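A.B. asks: Got a structure for you, target.csv, holding CSV, C-alpha atoms.
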```csv
chain,number,residue,atom,x,y,z
A,1347,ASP,CA,22.1,-19.8,26.4
A,1348,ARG,CA,20.9,-16.8,24.4
A,1349,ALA,CA,19.4,-18.7,21.4
A,1350,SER,CA,17.2,-21.2,23.3
A,1351,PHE,CA,14.7,-21.8,20.5
A,1352,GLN,CA,15.9,-24.2,17.8
A,1353,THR,CA,12.5,-25.7,17.2
A,1354,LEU,CA,9.1,-25.2,15.4
A,1355,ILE,CA,5.8,-26.9,14.9
A,1356,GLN,CA,6.0,-28.5,18.4
A,1357,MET,CA,9.5,-29.8,17.5
A,1358,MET,CA,8.2,-31.3,14.3
A,1359,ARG,CA,5.2,-32.8,16.0
A,1371,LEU,CA,13.8,-32.9,15.9
A,1372,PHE,CA,13.9,-29.7,18.0
A,1373,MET,CA,11.7,-31.4,20.6
A,1374,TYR,CA,14.1,-34.4,20.5
A,1375,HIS,CA,17.0,-32.1,21.1
A,1376,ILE,CA,15.3,-30.5,24.1
A,1377,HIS,CA,14.4,-33.9,25.4
A,1378,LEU,CA,18.0,-35.0,25.1
A,1379,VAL,CA,19.1,-31.9,27.1
A,1380,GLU,CA,16.5,-32.8,29.8
A,1381,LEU,CA,17.7,-36.5,29.7
A,1382,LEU,CA,21.3,-35.3,30.2
A,1383,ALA,CA,20.2,-33.3,33.2
A,1384,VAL,CA,18.4,-36.4,34.6
A,1385,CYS,CA,21.6,-38.4,33.9
A,1386,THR,CA,23.2,-38.1,37.4
A,1387,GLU,CA,23.4,-34.8,39.5
A,1388,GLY,CA,24.4,-32.1,42.0
A,1389,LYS,CA,26.6,-33.3,44.9
A,1390,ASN,CA,30.5,-33.7,44.7
A,1391,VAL,CA,33.3,-33.5,42.2
A,1392,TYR,CA,31.4,-35.3,39.4
A,1393,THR,CA,28.3,-33.9,41.1
A,1394,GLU,CA,30.1,-30.5,41.1
A,1395,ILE,CA,30.6,-30.8,37.3
A,1396,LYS,CA,26.8,-31.6,37.1
A,1397,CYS,CA,26.2,-28.7,39.4
A,1398,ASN,CA,28.2,-26.4,37.0
A,1399,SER,CA,25.9,-27.6,34.2
A,1400,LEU,CA,23.0,-27.0,36.5
A,1401,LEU,CA,24.3,-23.4,37.1
A,1402,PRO,CA,24.3,-22.9,33.3
A,1403,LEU,CA,20.7,-24.2,33.3
A,1404,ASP,CA,19.9,-22.0,36.2
A,1405,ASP,CA,17.1,-24.3,37.3
A,1406,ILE,CA,15.7,-20.8,37.8
A,1407,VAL,CA,16.3,-20.0,34.1
A,1408,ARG,CA,14.6,-23.2,33.1
A,1409,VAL,CA,11.6,-22.6,35.3
A,1410,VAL,CA,11.4,-19.1,33.8
A,1411,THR,CA,11.5,-20.3,30.2
A,1412,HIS,CA,9.4,-22.2,27.6
A,1413,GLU,CA,8.8,-19.6,24.8
A,1414,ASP,CA,11.8,-20.7,22.7
A,1415,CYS,CA,9.7,-23.3,20.9
A,1416,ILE,CA,6.4,-25.3,21.0
A,1417,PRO,CA,6.6,-29.1,21.5
A,1418,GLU,CA,3.9,-31.8,21.3
A,1419,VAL,CA,4.6,-33.9,24.4
A,1420,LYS,CA,8.0,-32.2,25.2
A,1421,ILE,CA,6.9,-30.0,28.1
A,1422,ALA,CA,8.7,-32.1,30.7
A,1423,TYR,CA,12.4,-31.7,29.4
A,1424,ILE,CA,13.4,-30.3,32.9
A,1425,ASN,CA,11.7,-32.8,35.3
A,1426,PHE,CA,15.1,-34.2,36.2
A,1427,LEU,CA,15.5,-31.6,39.0
A,1428,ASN,CA,15.2,-34.3,41.8
A,1429,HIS,CA,18.7,-35.8,41.5
A,1430,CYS,CA,20.7,-33.1,43.4
A,1431,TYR,CA,19.9,-34.4,46.9
A,1432,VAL,CA,22.9,-36.6,47.4
A,1433,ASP,CA,25.8,-35.2,49.3
A,1434,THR,CA,23.2,-32.4,49.4
A,1435,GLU,CA,25.7,-30.0,51.0
A,1436,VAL,CA,28.0,-30.6,48.0
A,1437,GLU,CA,25.1,-30.2,45.6
A,1438,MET,CA,24.2,-26.9,47.4
A,1439,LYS,CA,27.8,-25.8,47.1
A,1440,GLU,CA,27.6,-26.4,43.4
A,1441,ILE,CA,24.3,-24.4,43.4
A,1442,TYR,CA,21.1,-26.1,43.9
A,1443,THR,CA,19.2,-22.9,44.8
A,1444,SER,CA,19.5,-21.3,41.3
A,1445,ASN,CA,16.1,-22.8,40.3
A,1446,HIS,CA,14.6,-23.4,43.8
A,1447,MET,CA,11.8,-20.9,43.3
A,1448,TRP,CA,10.0,-22.4,40.3
A,1449,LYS,CA,11.5,-25.9,39.9
A,1450,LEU,CA,11.4,-26.3,43.7
A,1451,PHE,CA,7.7,-25.2,43.7
A,1452,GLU,CA,6.9,-27.7,41.0
A,1453,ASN,CA,8.5,-30.7,42.6
A,1454,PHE,CA,6.6,-30.9,45.9
A,1455,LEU,CA,3.7,-28.8,44.7
A,1456,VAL,CA,0.5,-30.9,45.0
A,1457,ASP,CA,0.6,-32.8,48.3
A,1473,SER,CA,4.5,-36.6,34.2
A,1474,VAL,CA,3.8,-33.7,36.6
A,1475,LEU,CA,0.8,-35.4,38.2
A,1476,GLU,CA,2.8,-38.5,38.9
A,1477,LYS,CA,6.0,-36.5,39.4
A,1478,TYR,CA,4.9,-34.8,42.7
A,1479,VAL,CA,4.4,-38.1,44.7
A,1480,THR,CA,7.8,-39.5,43.9
A,1481,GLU,CA,9.7,-36.2,44.0
A,1482,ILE,CA,8.0,-35.3,47.3
A,1483,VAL,CA,9.3,-38.7,48.6
A,1484,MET,CA,12.6,-38.5,46.7
A,1485,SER,CA,13.7,-34.8,46.4
A,1486,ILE,CA,14.6,-33.4,49.8
A,1487,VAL,CA,12.4,-30.3,50.0
A,1488,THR,CA,10.0,-28.7,52.5
A,1489,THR,CA,6.3,-29.1,52.7
A,1490,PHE,CA,4.6,-27.5,49.7
A,1502,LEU,CA,-4.6,-20.7,54.4
A,1503,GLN,CA,-2.5,-18.8,51.9
A,1504,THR,CA,0.0,-21.7,51.7
A,1505,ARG,CA,-2.5,-24.5,50.5
A,1506,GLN,CA,-2.5,-24.6,46.6
A,1507,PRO,CA,-0.5,-27.8,46.4
A,1508,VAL,CA,-3.1,-29.7,48.4
A,1509,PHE,CA,-5.8,-28.4,46.2
A,1510,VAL,CA,-3.9,-29.6,43.1
A,1511,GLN,CA,-3.5,-33.0,44.6
A,1512,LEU,CA,-7.2,-33.3,45.1
A,1513,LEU,CA,-7.8,-32.4,41.4
A,1514,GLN,CA,-5.3,-35.0,40.4
A,1515,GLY,CA,-7.1,-37.6,42.5
A,1516,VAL,CA,-10.3,-36.6,40.8
A,1517,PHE,CA,-9.3,-37.2,37.1
A,1518,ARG,CA,-10.6,-40.5,35.3
A,1519,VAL,CA,-9.5,-40.0,31.6
A,1520,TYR,CA,-6.2,-41.8,32.1
A,1521,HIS,CA,-5.6,-45.5,32.6
A,1522,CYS,CA,-6.4,-45.2,36.4
A,1523,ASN,CA,-3.7,-42.6,37.1
A,1524,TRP,CA,-4.7,-41.2,40.5
A,1525,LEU,CA,-7.2,-43.6,42.1
A,1526,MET,CA,-8.2,-43.4,45.7
A,1527,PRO,CA,-4.6,-43.9,46.8
A,1528,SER,CA,-3.5,-41.1,44.5
A,1529,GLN,CA,-6.3,-38.9,46.0
A,1530,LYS,CA,-5.1,-39.7,49.5
A,1531,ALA,CA,-1.5,-38.9,48.5
A,1532,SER,CA,-2.7,-35.6,47.1
A,1533,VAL,CA,-4.5,-34.8,50.4
A,1534,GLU,CA,-1.4,-35.7,52.3
A,1535,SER,CA,0.7,-33.4,50.1
A,1536,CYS,CA,-1.8,-30.6,50.7
A,1537,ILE,CA,-1.6,-31.2,54.5
A,1538,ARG,CA,2.2,-31.1,54.4
```
Show how you would write the structure in this file as structure tokens.
C.D. replies:
Amino acid sequence: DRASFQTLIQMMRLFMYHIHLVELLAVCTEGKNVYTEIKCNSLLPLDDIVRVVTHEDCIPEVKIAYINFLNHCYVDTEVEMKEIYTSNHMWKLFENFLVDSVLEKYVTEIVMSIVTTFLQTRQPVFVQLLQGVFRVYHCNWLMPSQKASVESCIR
């Protein structure tokens, strides 16, 4: 809230685990109704916008994706919106459907999180092409992945 950095040394290479737990809690269930409204209230505290804005509280090892659960407030979407889904819809919305953890996250969140398509508007498509290009992983974005990235760029 005001003291968002209880971690050091990339969360012990501990703090990272706590951050991960918060992210997991956010993933839990989210956004829409009465229970969804309670989740939305938690989301309001998070300010999806605040979360997008911040990461200087600590330095984790593989804990950079403790806020990737921003694709569960699309059910009873009007209710989710009523709770507040637009409070982080500038950074967190731009990261969900951005290309067409974060490389694989755009293809499912573009097909799961109800957002718009994301010239001077084409960076997501360029990012998708780069994702398709990588070969250091265990076949992460093959030809199909590249095609998906191209589709995202076209969107």
A.B. asks: Do you have the CA of residue 1418 (chain A)-CA of residue 1473 (chain A) distance handy?
C.D. replies: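 Value for the CA of residue 1418 (chain A)-CA of residue 1473 (chain A) distance: 13.8 Å.
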A.B. asks: Between A:1412, A:1405, A:1419, A:1482, which is the closest to residue 1446 (chain A) once you count only C-alpha atoms?
C.D. replies: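 Going through A:1412, A:1405, A:1419, A:1482 one by one, the smallest distance to residue 1446 (chain A) is for A:1405.
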A.B. asks: Which of these, A:1398, A:1386, A:1503, A:1511, has the shortest distance to residue 1532 (chain A) once you count only C-alpha atoms?
C.D. replies: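 Smallest separation from residue 1532 (chain A) among the options: A:1511.
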A.B. asks: Measuring between all atoms listed in the file, which one of A:1450, A:1536, A:1432, A:1475 shows the shortest distance to residue 1394 (chain A)?
C.D. replies: A:1432
A.B. asks: Using only C-alpha atoms, which of the listed residues (A:1519, A:1422, A:1513, A:1508) sits closest to residue 1384 (chain A)?
C.D. replies: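 Of the candidates, the smallest distance to residue 1384 (chain A) is held by A:1422.
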A.B. asks: Please provide as a list in words all residues within 8 Å of region 1528-1530 of chain A, with the sequence filter that same-chain residues fewer than 4 positions apart are discarded (counting all atoms listed in the file).
C.D. replies: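 Those residues are residues 1511, 1512, 1514, 1515, 1516, 1523, 1524 and 1534 of chain A.
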A.B. asks: Rank nothing, just name the residue among A:1377, A:1389, A:1429, A:1439 nearest to residue 1485 (chain A), using all atoms listed in the file.
C.D. replies: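 Among the listed residues, A:1429 lies closest to residue 1485 (chain A).
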A.B. asks: I need the residue nearest residue 1358 (chain A) from this list: A:1416, A:1381, A:1438, A:1484. Use all atoms listed in the file for the distance.
C.D. replies: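 Among the listed residues, the smallest separation from residue 1358 (chain A) belongs to A:1416.
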A.B. asks: What does the distance between CA of residue 1390 (chain A) and CA of residue 1441 (chain A) come to in Å, to one decimal place?
C.D. replies: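 Result for CA of residue 1390 (chain A) versus CA of residue 1441 (chain A): 11.3 Å, one decimal.
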A.B. asks: What is the distance between CA of residue 1474 (chain A) and CA of residue 1393 (chain A), in Å to one decimal?
C.D. replies: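 Distance between the two atoms: 24.9 Å.
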A.B. asks: Find the residues near residue 1454 (chain A): any atom within 9 Å, counting only C-alpha atoms, skip ones fewer than 3 places away on the same chain, and give them as a PDB file with C-alpha atoms, keeping the file's coordinate frame.
C.D. replies:
```
ATOM      1  CA  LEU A1450      11.400 -26.300  43.700  1.00  0.00           C
ATOM      2  CA  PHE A1451       7.700 -25.200  43.700  1.00  0.00           C
ATOM      3  CA  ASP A1457       0.600 -32.800  48.300  1.00  0.00           C
ATOM      4  CA  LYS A1477       6.000 -36.500  39.400  1.00  0.00           C
ATOM      5  CA  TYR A1478       4.900 -34.800  42.700  1.00  0.00           C
ATOM      6  CA  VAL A1479       4.400 -38.100  44.700  1.00  0.00           C
ATOM      7  CA  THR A1480       7.800 -39.500  43.900  1.00  0.00           C
ATOM      8  CA  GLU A1481       9.700 -36.200  44.000  1.00  0.00           C
ATOM      9  CA  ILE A1482       8.000 -35.300  47.300  1.00  0.00           C
ATOM     10  CA  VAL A1483       9.300 -38.700  48.600  1.00  0.00           C
ATOM     11  CA  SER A1485      13.700 -34.800  46.400  1.00  0.00           C
ATOM     12  CA  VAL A1487      12.400 -30.300  50.000  1.00  0.00           C
ATOM     13  CA  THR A1488      10.000 -28.700  52.500  1.00  0.00           C
ATOM     14  CA  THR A1489       6.300 -29.100  52.700  1.00  0.00           C
ATOM     15  CA  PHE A1490       4.600 -27.500  49.700  1.00  0.00           C
ATOM     16  CA  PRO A1507      -0.500 -27.800  46.400  1.00  0.00           C
ATOM     17  CA  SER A1535       0.700 -33.400  50.100  1.00  0.00           C
TER      18      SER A1535
END
```
A.B. asks: So that I can see what lies close to residue 1444 (chain A), please list as a list in words the residues with an atom at most 12 Å from it, counting all atoms listed in the file and leaving out residues fewer than 3 positions away in the same chain.
C.D. replies: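 My reading of the contact set: residues 1388, 1397, 1398, 1399, 1400, 1401, 1402, 1403, 1404, 1405, 1406, 1407, 1408, 1409, 1410, 1427, 1437, 1438, 1439, 1440, 1441, 1447, 1448, 1449 and 1450 of chain A.
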A.B. asks: List as a list in words the protein and nucleic acid residues near residue 1350 (chain A), meaning an atom at most 10 Å away when all atoms listed in the file are counted, but skip any in the same chain fewer than 6 places from it.
C.D. replies: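 Once the nearby chain positions are removed, what remains is residues 1376, 1411, 1412, 1413, 1414 and 1415 of chain A.
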